[PDB]
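Secondary and tertiary structure notes
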Amino acid sequence: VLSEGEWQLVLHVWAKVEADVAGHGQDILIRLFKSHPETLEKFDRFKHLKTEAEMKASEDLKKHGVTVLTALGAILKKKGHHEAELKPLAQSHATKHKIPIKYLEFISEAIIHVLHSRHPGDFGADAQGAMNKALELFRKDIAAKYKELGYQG
Ligand code: HEM
């Protein structure tokens, strides 16, 4: 359970992301796909992209970055009371998109890296620990719905 102090750190940095959702979305997806190429293969939409420059040029990938960070932002702003927003996301990611929990760990690492690069004055170590705990809570609750459906592995 995050404390109120920790939620404040999280959402303070997140408000900064909200000034340039698309730029962040791009940088996060690019880092995820460069860091962990097996993730790119889960998107039939993007698996033609073979270089970072092609990724950076893809308007469709920038569109999807906005979709992902708008959904994450809505879950963060519920401060833990996010069951209505995770249900559908876990459902689709386990049964339709087939994303293992470990790749949710990978995208959390890429979110933390991009927020440290773009917002270092609002993302010192207190705020990095808090964002880590928020993203862990997201993964714990998606993992519990996976397990329900037979996809925790
Ligand atoms: C912060 C973590 C994530 C969030 C909030 C998120 C959010 C979303 C949303 C809102 C959609 C469209 C609605 C839906 O299908 O449920 C979506 C689609 C999808 N996501 Fe995620 N996602 C995350 C992590 C990932 C990861 C780590 C992968 C793959 C490694 C992935 C793969 C997919 C795929 C394949 C689609 C369908 C894209 C398409 O072909 O249109 N997601 N995601």
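Residues numbered from 1 in each chain as written, not as in the entry; some residues may be left out. Heavy atoms only, no water.

What the entry reports as its method is X-ray crystallography, with 1.210 Å given for the resolution.

**A closer look at the UniProt feature "binding site: nitrite" in the chain**
As annotated in UniProt, the feature "binding site: nitrite" corresponds to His 64 in the numbering used here. Of note, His 64 is situated in helix α4 (residues 59-76). Overall, the relative accessible area of 17% leaves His 64 in the buried class. Apart from the residues within four sequence positions on either side, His 64 is in contact with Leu 29, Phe 43, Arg 45 and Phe 46. (UniProt positions renumbered as here; feature names shortened; annotations may be inferred. Helix = DSSP H or I, 4+ residues; strand = E, 2+ residues; numbered from the N terminus. Buried < 20%, exposed > 50% of the residue type's maximum accessible area, 1.4 Å probe, protein only. Contact = heavy atoms within 4.5 Å.)

**Brief notes about the nonpolar core**
Buried together is how nonpolar side chains tend to be arranged in soluble globular proteins. Core analysis: the largest hydrophobic core is formed by 45 residues, its most contacted members being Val 10, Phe 33, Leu 61, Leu 72, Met 131 and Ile 142. Beyond its immediate sequence surroundings of up to four residues, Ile 142 is in contact with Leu 86, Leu 89, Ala 90, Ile 101 and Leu 104. (Core = buried A, V, L, I, M, F, W, Y, C linked by side-chain atoms within 4.5 Å.)

**Details of helix α5 (residues 83-96)**
A rise of 1.5 Å per residue sets the reference length of α5, with its 14 residues, at 20 Å; its end C-alpha atoms lie 19 Å apart and thus fit the reference within 8%. Residues of α5 that are buried: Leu 86, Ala 90 and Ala 94. The buried side chains of α5 occupy one side of the element, clustering within an arc of 40° when seen end-on. Of the exposed residues in α5, those oriented more than 90 degrees away from the buried face are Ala 84 and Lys 96. Following α5 by one or two positions, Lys 98 has its phi on the positive side, about 65°. (Expected span 1.5 Å × (residues − 1). Arc of directions from axis to C-beta.)

**Here's the deal with the coordination of the iron atom of the ligand**
For a metal with four tetrahedral donors the ideal donor-metal-donor angle is 109.5 degrees, whereas six octahedral donors ideally subtend 90 or 180 degrees. You will see that the iron atom of the ligand has only one donor from the protein, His 93 (NE2), lying 2.1 Å away. Relative to the helices and strands, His 93 is located in helix α5. (Donors = N, O, S within 2.8 Å, 3.2 Å for Na, K, Ca; no water.)

**Notes on the packing of aromatic side chains**
For the structure shown, the criterion picks out four aromatic pairs. Ring centres of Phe 33 and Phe 43 lie 5.5 Å apart, and the angle between their planes is 70°; this geometry places the pair in the edge-to-face category. Taken together, the residues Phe 33 in helix α2 (residues 21-35) and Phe 43 in the loop between α2 and α3 (52-57) connect sequence positions 10 residues apart. Residue classification places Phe 33 among the buried positions, given a relative accessible area of 2%. Centroid distance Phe 33 to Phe 46: 6.2 Å. Interplanar angle 45°. Geometry classified as tilted. (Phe/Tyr/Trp six-rings, centres within 6.5 Å; stacked < 30°, edge-to-face > 60°.)

**Some words on the environment of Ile 111**
Its location among the elements puts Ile 111 in helix α6 (residues 101-118). Remark: the alpha-carbon pair of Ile 111 and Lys 78, spanning 33 residues in sequence, is separated by 18 Å. Once residues within four sequence positions are removed from consideration, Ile 111 is found in contact with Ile 28, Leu 72 and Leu 135.

**Focus: the packing of α2 against α4**
Between α2 and α4, the least distance of the axes is 7 Å, while the angle of their chain directions is 100°. By the angle class used here, α2 and α4 are roughly perpendicular. Of the residues in α4, those in contact with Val 21, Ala 22, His 24, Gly 25, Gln 26, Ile 28, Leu 29, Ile 30 and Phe 33 of α2 are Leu 61, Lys 62, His 64, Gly 65, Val 66, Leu 69 and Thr 70. Across the contact of α2 with α4, the residue classes break down as nine nonpolar, six polar and one charged. (Axes fitted to C-alpha atoms, helices over the stretch in contact; angles between N-to-C directions. Parallel < 35°, antiparallel > 145°, perpendicular 65-115°, else oblique. Nonpolar A, V, L, I, M, F, W, Y, C, P; charged D, E, K, R; others polar.)

**Brief notes about the pattern of salt bridges**
Inspection of every chain in the model, using the stated rule, returns 14 salt bridges. With its nearest N and O atoms 2.8 Å apart, the salt bridge here joins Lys 102 to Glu 105. On the criterion of helical spacing, the pair formed by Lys 102 and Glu 105 is a turn pair, its members being three residues apart in helix α6. A relative accessible area of 29% places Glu 105 in the partly exposed class. Beyond isolated ion pairs, a larger network of salt bridges with shared partners links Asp 20, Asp 27 and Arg 118. (Salt bridge = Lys/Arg side-chain N within 4 Å of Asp/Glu carboxyl O.)

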